[PDB]
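One chain comes next, on its own, written as structure tokens: the form deposited in one PDB entry.
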């Protein structure tokens, strides 16, 4: 029942970039995450019960550059 909030600074330079990241993150099994992406700010907010390493790994496996992440 603990929700973790992670925020990632991901290099997304078009709505194709942000849309791709959304597609992969919203398709994650099990369905235990809410995903909010701001193209303008280059931010991916993930609210989830999954660990930080796992979510980070899922984003890196898209090929997108992840400049930083953190737990809020």
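Residue numbers count along the first chain shown, from 1. We call the rigid core whatever largest set of C-alpha positions still superposes within 1.5 Å between the two forms.
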Which is higher on average in the deposited entry, the C-alpha temperature factors of 43-51 or of 26-34?
26-34
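Keep in mind that the form deposited in another entry is missing from the display, and what follows is about it.
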Rigid core fit then residue 42 CA moved by 2 Å or more between this form and the one not shown
no
If the CA atoms of residue 33 and residue 55 move by 3 Å or more in that other deposited form, do they move toward each other or away, so closer or farther than here?
farther
In that other deposited form the CA atoms of residue 58 and residue 33, compared with here and shifted by at least 3 Å, lie farther
